[PDB]
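upload_31.tsv, holding TSV, C-alpha atoms and all ligand atoms:
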chain	number	residue	atom	x	y	z
B	324	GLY	CA	-1.18	-4.98	18.64
B	325	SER	CA	-3.23	-6.49	15.80
B	326	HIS	CA	-0.55	-5.28	13.32
B	327	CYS	CA	1.47	-7.19	10.70
B	328	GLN	CA	4.01	-9.36	12.53
B	329	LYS	CA	5.98	-12.60	12.63
B	330	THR	CA	4.28	-15.54	14.39
B	331	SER	CA	5.08	-19.22	14.67
B	332	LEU	CA	4.48	-21.72	11.88
B	333	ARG	CA	5.91	-25.21	12.31
B	334	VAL	CA	6.05	-26.98	8.93
B	335	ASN	CA	6.12	-30.79	8.61
B	336	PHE	CA	7.64	-31.81	5.29
B	337	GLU	CA	5.55	-34.96	5.05
B	338	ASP	CA	2.35	-32.88	5.41
B	339	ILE	CA	3.34	-30.94	2.26
B	340	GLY	CA	4.60	-33.86	0.14
B	341	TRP	CA	8.30	-32.95	0.43
B	342	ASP	CA	9.43	-35.90	2.56
B	343	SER	CA	10.03	-37.83	-0.69
B	344	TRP	CA	13.18	-35.72	-1.16
B	345	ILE	CA	13.78	-34.00	2.19
B	346	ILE	CA	15.05	-36.62	4.61
B	347	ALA	CA	15.86	-34.26	7.47
B	348	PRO	CA	14.76	-32.47	9.42
B	349	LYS	CA	11.23	-33.77	9.81
B	350	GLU	CA	9.86	-30.35	10.72
B	351	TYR	CA	11.07	-26.74	10.88
B	352	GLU	CA	10.08	-23.25	12.02
B	353	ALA	CA	9.07	-21.38	8.88
B	354	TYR	CA	7.13	-18.59	10.62
B	355	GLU	CA	4.33	-16.67	8.96
B	356	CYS	CA	3.22	-13.06	8.72
B	357	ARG	CA	-0.20	-12.38	10.27
B	358	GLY	CA	-2.09	-9.23	11.11
B	359	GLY	CA	-3.67	-6.18	9.52
B	360	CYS	CA	-2.44	-3.33	7.41
B	361	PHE	CA	-4.46	-0.34	8.63
B	362	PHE	CA	-3.93	3.13	9.96
B	363	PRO	CA	-2.38	4.06	12.08
B	364	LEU	CA	0.85	2.09	11.38
B	365	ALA	CA	3.23	0.47	13.91
B	366	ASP	CA	5.95	3.07	14.53
B	367	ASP	CA	8.90	0.72	13.86
B	368	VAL	CA	7.94	-0.75	10.48
B	369	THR	CA	9.11	-0.24	6.89
B	370	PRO	CA	6.07	0.64	4.75
B	371	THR	CA	6.08	1.24	1.03
B	372	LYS	CA	4.30	4.19	-0.50
B	373	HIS	CA	2.24	1.87	-2.74
B	374	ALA	CA	1.00	0.03	0.37
B	375	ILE	CA	-0.04	3.31	2.02
B	376	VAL	CA	-1.76	4.62	-1.12
B	377	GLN	CA	-3.60	1.39	-1.74
B	378	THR	CA	-4.72	1.14	1.85
B	379	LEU	CA	-6.21	4.62	1.60
B	380	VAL	CA	-7.97	3.84	-1.70
B	381	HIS	CA	-9.33	0.71	-0.09
B	382	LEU	CA	-10.93	2.86	2.61
B	383	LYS	CA	-12.70	4.99	0.06
B	384	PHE	CA	-13.68	2.17	-2.34
B	385	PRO	CA	-13.69	-0.98	-0.20
B	386	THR	CA	-15.68	-3.15	-2.65
B	387	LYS	CA	-13.38	-2.44	-5.62
B	388	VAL	CA	-9.83	-2.18	-4.22
B	389	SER	CA	-8.22	-4.43	-1.67
B	390	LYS	CA	-6.31	-3.34	1.37
B	391	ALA	CA	-2.62	-3.82	1.83
B	392	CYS	CA	-1.40	-7.32	2.65
B	393	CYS	CA	0.88	-8.57	5.42
B	394	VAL	CA	3.72	-10.61	3.85
B	395	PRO	CA	7.33	-11.74	4.39
B	396	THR	CA	9.69	-9.01	3.24
B	397	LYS	CA	12.91	-10.86	4.07
B	398	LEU	CA	13.57	-14.61	4.16
B	399	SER	CA	16.28	-16.73	5.77
B	400	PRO	CA	17.75	-20.14	4.76
B	401	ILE	CA	17.74	-23.49	6.58
B	402	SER	CA	19.89	-26.59	6.21
B	403	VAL	CA	18.29	-29.69	4.71
B	404	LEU	CA	19.44	-33.27	4.21
B	405	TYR	CA	18.12	-34.09	0.71
B	406	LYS	CA	18.40	-36.89	-1.84
B	407	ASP	CA	20.39	-36.07	-4.98
B	408	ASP	CA	19.84	-37.43	-8.50
B	409	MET	CA	21.08	-40.90	-7.56
B	410	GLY	CA	19.48	-40.88	-4.06
B	411	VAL	CA	22.63	-40.17	-1.97
B	412	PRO	CA	21.86	-38.17	1.23
B	413	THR	CA	23.32	-34.69	0.70
B	414	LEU	CA	23.50	-31.58	2.88
B	415	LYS	CA	22.21	-28.36	1.40
B	416	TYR	CA	23.77	-25.94	3.88
B	417	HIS	CA	21.92	-22.75	2.82
B	418	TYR	CA	18.52	-23.64	1.34
B	419	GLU	CA	17.26	-20.14	0.66
B	420	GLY	CA	13.90	-18.60	1.34
B	421	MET	CA	12.41	-21.12	3.78
B	422	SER	CA	11.81	-19.01	6.89
B	423	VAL	CA	10.48	-15.52	7.59
B	424	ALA	CA	13.01	-12.97	8.82
B	425	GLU	CA	10.79	-9.84	8.52
B	426	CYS	CA	7.11	-9.05	7.84
B	427	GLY	CA	5.63	-5.87	6.39
B	428	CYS	CA	2.58	-4.56	4.53
B	429	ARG	CA	3.01	-4.64	0.74
L	324	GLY	CA	-5.65	-16.86	-16.02
L	325	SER	CA	-6.90	-16.11	-12.50
L	326	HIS	CA	-3.23	-15.85	-11.34
L	327	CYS	CA	-1.39	-13.05	-9.52
L	328	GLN	CA	-0.91	-10.17	-11.98
L	329	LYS	CA	-0.71	-6.43	-12.54
L	330	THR	CA	-4.02	-4.65	-13.24
L	331	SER	CA	-5.02	-1.02	-13.49
L	332	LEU	CA	-5.52	1.22	-10.47
L	333	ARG	CA	-5.98	4.94	-11.10
L	334	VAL	CA	-5.33	6.89	-7.88
L	335	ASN	CA	-6.77	10.38	-7.28
L	336	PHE	CA	-4.69	12.24	-4.71
L	337	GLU	CA	-7.65	14.22	-3.41
L	338	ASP	CA	-9.53	10.95	-2.72
L	339	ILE	CA	-6.70	9.90	-0.36
L	340	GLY	CA	-6.09	13.26	1.36
L	341	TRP	CA	-2.78	13.98	-0.39
L	342	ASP	CA	-3.91	16.92	-2.52
L	343	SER	CA	-3.00	19.21	0.42
L	344	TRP	CA	0.66	18.68	-0.53
L	345	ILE	CA	0.61	17.09	-4.00
L	346	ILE	CA	-0.37	19.77	-6.48
L	347	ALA	CA	0.20	17.74	-9.63
L	348	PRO	CA	-0.68	15.49	-11.16
L	349	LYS	CA	-4.29	15.13	-10.06
L	350	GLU	CA	-4.31	11.38	-10.68
L	351	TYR	CA	-1.84	8.63	-11.61
L	352	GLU	CA	-1.62	4.96	-12.59
L	353	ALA	CA	-0.45	3.12	-9.48
L	354	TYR	CA	-1.53	-0.37	-10.59
L	355	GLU	CA	-2.38	-3.13	-8.17
L	356	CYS	CA	-1.68	-6.84	-7.85
L	357	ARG	CA	-4.79	-9.04	-8.03
L	358	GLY	CA	-5.33	-12.75	-8.36
L	359	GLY	CA	-4.74	-16.03	-6.57
L	360	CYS	CA	-1.72	-17.89	-5.34
L	361	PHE	CA	-2.58	-21.55	-5.97
L	362	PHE	CA	-1.18	-24.57	-7.70
L	363	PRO	CA	-0.31	-24.94	-10.32
L	364	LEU	CA	1.77	-21.74	-10.73
L	365	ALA	CA	2.08	-19.50	-13.82
L	366	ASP	CA	5.18	-20.74	-15.66
L	367	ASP	CA	6.87	-17.31	-15.95
L	368	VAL	CA	6.75	-16.09	-12.35
L	369	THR	CA	9.28	-15.74	-9.53
L	370	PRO	CA	7.97	-17.63	-6.49
L	371	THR	CA	9.65	-17.84	-3.12
L	372	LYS	CA	10.01	-21.12	-1.29
L	373	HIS	CA	8.19	-19.70	1.75
L	374	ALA	CA	5.21	-18.84	-0.47
L	375	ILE	CA	5.11	-22.38	-1.89
L	376	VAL	CA	5.45	-24.01	1.54
L	377	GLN	CA	2.81	-21.82	3.10
L	378	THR	CA	0.41	-22.40	0.24
L	379	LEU	CA	0.77	-26.14	0.73
L	380	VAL	CA	0.24	-25.89	4.51
L	381	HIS	CA	-2.81	-23.79	3.82
L	382	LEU	CA	-4.26	-26.64	1.75
L	383	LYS	CA	-3.83	-29.09	4.59
L	384	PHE	CA	-4.92	-26.75	7.41
L	385	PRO	CA	-7.07	-24.10	5.73
L	386	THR	CA	-8.70	-22.77	8.93
L	387	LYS	CA	-5.38	-22.18	10.73
L	388	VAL	CA	-2.88	-21.03	8.07
L	389	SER	CA	-3.48	-18.55	5.31
L	390	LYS	CA	-2.61	-18.99	1.68
L	391	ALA	CA	0.05	-17.03	-0.10
L	392	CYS	CA	-0.75	-13.43	-1.01
L	393	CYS	CA	-0.45	-11.59	-4.32
L	394	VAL	CA	1.62	-8.41	-3.77
L	395	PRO	CA	3.90	-5.91	-5.54
L	396	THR	CA	7.44	-7.26	-5.62
L	397	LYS	CA	8.98	-4.31	-7.44
L	398	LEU	CA	7.91	-0.65	-7.45
L	399	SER	CA	8.62	2.27	-9.77
L	400	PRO	CA	8.77	6.05	-9.10
L	401	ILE	CA	6.65	8.91	-10.48
L	402	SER	CA	7.25	12.65	-10.68
L	403	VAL	CA	5.19	14.89	-8.42
L	404	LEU	CA	4.81	18.65	-8.07
L	405	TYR	CA	4.70	19.14	-4.28
L	406	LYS	CA	4.72	22.01	-1.79
L	407	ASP	CA	7.90	22.39	0.27
L	408	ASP	CA	8.21	23.70	3.85
L	409	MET	CA	7.40	27.27	2.81
L	410	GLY	CA	4.77	26.26	0.20
L	411	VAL	CA	6.86	26.77	-2.99
L	412	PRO	CA	5.85	24.36	-5.81
L	413	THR	CA	8.73	21.89	-6.19
L	414	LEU	CA	9.36	18.96	-8.54
L	415	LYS	CA	10.23	15.64	-6.97
L	416	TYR	CA	11.59	13.91	-10.06
L	417	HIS	CA	11.83	10.34	-8.67
L	418	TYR	CA	9.22	9.84	-5.93
L	419	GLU	CA	9.93	6.20	-5.13
L	420	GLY	CA	7.55	3.33	-4.62
L	421	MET	CA	4.34	4.76	-6.08
L	422	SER	CA	3.56	2.33	-8.90
L	423	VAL	CA	3.67	-1.44	-9.34
L	424	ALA	CA	6.36	-2.78	-11.67
L	425	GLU	CA	5.98	-6.52	-10.83
L	426	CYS	CA	3.55	-8.72	-8.87
L	427	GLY	CA	4.23	-12.09	-7.25
L	428	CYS	CA	2.98	-14.41	-4.50
L	429	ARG	CA	4.74	-13.81	-1.16
B	501	CL	CL	0.03	-26.26	11.93
B	502	CL	CL	13.27	-25.25	13.97
B	503	CL	CL	0.24	6.15	10.25
B	504	CL	CL	-4.31	0.94	16.44
B	505	CL	CL	8.37	2.97	-0.93
B	506	CL	CL	18.75	-22.38	-2.36
B	507	CL	CL	-11.12	3.43	-8.42
B	508	CL	CL	-0.58	7.95	-15.42
B	509	CL	CL	3.42	-25.55	-9.82
B	510	CL	CL	-4.88	-23.33	-13.32
B	511	CL	CL	13.01	-18.25	-2.33
B	512	CL	CL	11.35	9.13	-2.72
B	513	NA	NA	1.72	-26.97	10.20
B	514	NA	NA	14.28	-24.32	11.99
B	515	NA	NA	-16.57	0.61	-3.17
B	516	NA	NA	-9.37	4.93	-7.41
B	517	NA	NA	1.39	7.71	-14.07
B	518	NA	NA	-7.64	-26.49	9.42

Starting from the coordinates I provided, produce the structure as structure tokens.
Ligand SMILES: [Cl-]
Ligand SMILES: [Cl-]
Ligand SMILES: [Cl-]
Ligand SMILES: [Cl-]
Ligand SMILES: [Cl-]
Ligand SMILES: [Cl-]
Ligand SMILES: [Cl-]
Ligand SMILES: [Cl-]
Ligand SMILES: [Cl-]
Ligand SMILES: [Cl-]
Ligand SMILES: [Cl-]
Ligand SMILES: [Cl-]
Ligand code: NA
Ligand code: NA
Ligand code: NA
Ligand code: NA
Ligand code: NA
Ligand code: NA
Amino acid sequence: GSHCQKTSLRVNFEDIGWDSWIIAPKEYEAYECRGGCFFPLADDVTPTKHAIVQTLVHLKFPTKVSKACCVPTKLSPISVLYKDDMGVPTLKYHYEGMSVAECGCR
Amino acid sequence: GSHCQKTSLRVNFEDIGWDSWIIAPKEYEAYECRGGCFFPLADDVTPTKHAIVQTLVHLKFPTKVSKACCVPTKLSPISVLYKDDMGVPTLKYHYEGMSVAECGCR
């Protein structure tokens, strides 16, 4: 519906220069938040008042003030197999903030 | 330093069609978050891992994946004088989420 939402983003750790310390997995589903912040809103979302006020000021003064932005509002962990100070392969069971759980306009 | 930060944004309630129910004040300091999300980061900020990973994927695939976005990460209340169901002028002492307290890349 052209509104702020979660969509797929497969991240390869080698592509981002993290494969020097992340051994596994090779790739993971990080998701991303894409779409607009405009009126009217999706009826099942959690908007802030600052995002609604800024979006309205944007409409009136579009060259000076930016619209609201679609961003992750909650993140989930993943497990990684990483190399510790000596190099030993070690499991990090809950590696926080790697994957989008919820999107919203902020 | 061209990095994500708090900057002034004076909001007039009439400009955004809220003066029908907000009587006072006329205008308030809402702030906004402006600036880039790029490497290297400001050394005193609170970045998420998803924002760092997405920014790096953006660098590699700039046409497909967007960069991180500079947004409010904490909001503060203001007091408003508002009209209640009958029209009586009523103070809302803590009207949440009207003003930026902190900015960050998300
Ligand atoms: Cl991709
Ligand atoms: Cl996965
Ligand atoms: Cl709406
Ligand atoms: Cl629509
Ligand atoms: Cl809010
Ligand atoms: Cl962690
Ligand atoms: Cl203005
Ligand atoms: Cl003020
Ligand atoms: Cl950095
Ligand atoms: Cl710099
Ligand atoms: Cl994080
Ligand atoms: Cl409130
Ligand atoms: Na990718
Ligand atoms: Na995954
Ligand atoms: Na303008
Ligand atoms: Na304004
Ligand atoms: Na104020
Ligand atoms: Na590309």

task = Name all residues at most 6 Å from segment 364-373 of chain B (count only C-alpha atoms; drop same-chain ones fewer than 2 positions away) and give them as a list in words.
result = residues 362, 375, 376 and 377 of chain B; 420 and 421 of chain L

message = I need the contact residues of chain L against chain B, so if you could list those with any atom within 10 Å, counting only C-alpha atoms, and return them as a PyMOL selection string, that would help.
response = chain L and resi 332-336+338-341+353-357+370-384+387-389+391-396+398-400+418-423+428-429

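When all atoms listed in the file are used to compute distances to ligand NA 516 (chain B), the closest of the residues L:343, L:413, L:402, L:331 turns out to be L:331.
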
task = Work out how far atom CA of residue 415 of chain L is from atom CA of residue 348 of chain L, in Å to one decimal.
result = 11.7 Å

Coordinates of chain L after Cα superposition on chain B, as a CSV table (one decimal) with C-alpha atoms, in the frame of the given file:
chain,number,residue,atom,x,y,z
L,324,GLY,CA,-1.2,-5.0,18.6
L,325,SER,CA,-3.2,-6.5,15.8
L,326,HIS,CA,-0.5,-5.3,13.3
L,327,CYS,CA,1.5,-7.2,10.7
L,328,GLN,CA,4.0,-9.4,12.5
L,329,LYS,CA,6.0,-12.6,12.6
L,330,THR,CA,4.3,-15.5,14.4
L,331,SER,CA,5.1,-19.2,14.7
L,332,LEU,CA,4.5,-21.7,11.9
L,333,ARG,CA,5.9,-25.2,12.3
L,334,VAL,CA,6.0,-27.0,8.9
L,335,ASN,CA,6.1,-30.8,8.6
L,336,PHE,CA,7.6,-31.8,5.3
L,337,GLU,CA,5.5,-35.0,5.0
L,338,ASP,CA,2.4,-32.9,5.4
L,339,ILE,CA,3.3,-30.9,2.3
L,340,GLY,CA,4.6,-33.9,0.1
L,341,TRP,CA,8.3,-33.0,0.4
L,342,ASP,CA,9.4,-35.9,2.6
L,343,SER,CA,10.0,-37.8,-0.7
L,344,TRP,CA,13.2,-35.7,-1.2
L,345,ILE,CA,13.8,-34.0,2.2
L,346,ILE,CA,15.1,-36.6,4.6
L,347,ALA,CA,15.9,-34.3,7.5
L,348,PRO,CA,14.8,-32.5,9.4
L,349,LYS,CA,11.2,-33.8,9.8
L,350,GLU,CA,9.9,-30.3,10.7
L,351,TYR,CA,11.1,-26.7,10.9
L,352,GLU,CA,10.1,-23.2,12.0
L,353,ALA,CA,9.1,-21.4,8.9
L,354,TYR,CA,7.1,-18.6,10.6
L,355,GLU,CA,4.3,-16.7,9.0
L,356,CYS,CA,3.2,-13.1,8.7
L,357,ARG,CA,-0.2,-12.4,10.3
L,358,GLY,CA,-2.1,-9.2,11.1
L,359,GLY,CA,-3.7,-6.2,9.5
L,360,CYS,CA,-2.4,-3.3,7.4
L,361,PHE,CA,-4.5,-0.3,8.6
L,362,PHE,CA,-3.9,3.1,10.0
L,363,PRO,CA,-2.4,4.1,12.1
L,364,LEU,CA,0.8,2.1,11.4
L,365,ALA,CA,3.2,0.5,13.9
L,366,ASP,CA,5.9,3.1,14.5
L,367,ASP,CA,8.9,0.7,13.9
L,368,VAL,CA,7.9,-0.7,10.5
L,369,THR,CA,9.1,-0.2,6.9
L,370,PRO,CA,6.1,0.6,4.8
L,371,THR,CA,6.1,1.2,1.0
L,372,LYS,CA,4.3,4.2,-0.5
L,373,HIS,CA,2.2,1.9,-2.7
L,374,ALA,CA,1.0,0.0,0.4
L,375,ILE,CA,0.0,3.3,2.0
L,376,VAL,CA,-1.8,4.6,-1.1
L,377,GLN,CA,-3.6,1.4,-1.7
L,378,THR,CA,-4.7,1.1,1.9
L,379,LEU,CA,-6.2,4.6,1.6
L,380,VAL,CA,-8.0,3.8,-1.7
L,381,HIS,CA,-9.3,0.7,-0.1
L,382,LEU,CA,-10.9,2.9,2.6
L,383,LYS,CA,-12.7,5.0,0.1
L,384,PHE,CA,-13.7,2.2,-2.3
L,385,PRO,CA,-13.7,-1.0,-0.2
L,386,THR,CA,-15.7,-3.2,-2.6
L,387,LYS,CA,-13.4,-2.4,-5.6
L,388,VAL,CA,-9.8,-2.2,-4.2
L,389,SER,CA,-8.2,-4.4,-1.7
L,390,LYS,CA,-6.3,-3.3,1.4
L,391,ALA,CA,-2.6,-3.8,1.8
L,392,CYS,CA,-1.4,-7.3,2.7
L,393,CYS,CA,0.9,-8.6,5.4
L,394,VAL,CA,3.7,-10.6,3.9
L,395,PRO,CA,7.3,-11.7,4.4
L,396,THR,CA,9.7,-9.0,3.2
L,397,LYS,CA,12.9,-10.9,4.1
L,398,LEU,CA,13.6,-14.6,4.2
L,399,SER,CA,16.3,-16.7,5.8
L,400,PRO,CA,17.8,-20.1,4.8
L,401,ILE,CA,17.7,-23.5,6.6
L,402,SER,CA,19.9,-26.6,6.2
L,403,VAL,CA,18.3,-29.7,4.7
L,404,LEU,CA,19.4,-33.3,4.2
L,405,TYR,CA,18.1,-34.1,0.7
L,406,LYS,CA,18.4,-36.9,-1.8
L,407,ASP,CA,20.4,-36.1,-5.0
L,408,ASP,CA,19.8,-37.4,-8.5
L,409,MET,CA,21.1,-40.9,-7.6
L,410,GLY,CA,19.5,-40.9,-4.1
L,411,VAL,CA,22.6,-40.2,-2.0
L,412,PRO,CA,21.9,-38.2,1.2
L,413,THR,CA,23.3,-34.7,0.7
L,414,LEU,CA,23.5,-31.6,2.9
L,415,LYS,CA,22.2,-28.4,1.4
L,416,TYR,CA,23.8,-25.9,3.9
L,417,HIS,CA,21.9,-22.7,2.8
L,418,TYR,CA,18.5,-23.6,1.3
L,419,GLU,CA,17.3,-20.1,0.7
L,420,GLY,CA,13.9,-18.6,1.3
L,421,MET,CA,12.4,-21.1,3.8
L,422,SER,CA,11.8,-19.0,6.9
L,423,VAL,CA,10.5,-15.5,7.6
L,424,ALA,CA,13.0,-13.0,8.8
L,425,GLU,CA,10.8,-9.8,8.5
L,426,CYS,CA,7.1,-9.1,7.8
L,427,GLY,CA,5.6,-5.9,6.4
L,428,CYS,CA,2.6,-4.6,4.5
L,429,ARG,CA,3.0,-4.6,0.7

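Coordinates place atom CA of residue 352 of chain B at a distance of 15.0 Å from atom CA of residue 417 of chain B.
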
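A straight line drawn from atom CL of ligand CL 507 (chain B) to atom CA of residue 359 of chain L is 20.6 Å long.
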
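The nearest approach to residue 360 of chain B among the residues B:426, B:327, B:403, B:411, with all atoms listed in the file taken into account, belongs to B:327.
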
Draw an axis-aligned box over all listed atoms of segment 363-366 of chain L, pad each side with 4 Å, and write its centre and edge lengths in Å, one decimal, as AutoDock Vina command-line options.
--center_x 2.4 --center_y -22.2 --center_z -13.0 --size_x 13.5 --size_y 13.4 --size_z 13.3

task = Select, counting all atoms listed in the file, all protein, DNA and RNA residues no farther than 12 Å from (3.7, 21.9, 0.0) in file coordinates, and express the selection as a PyMOL selection string.
result = chain L and resi 341-347+403-415
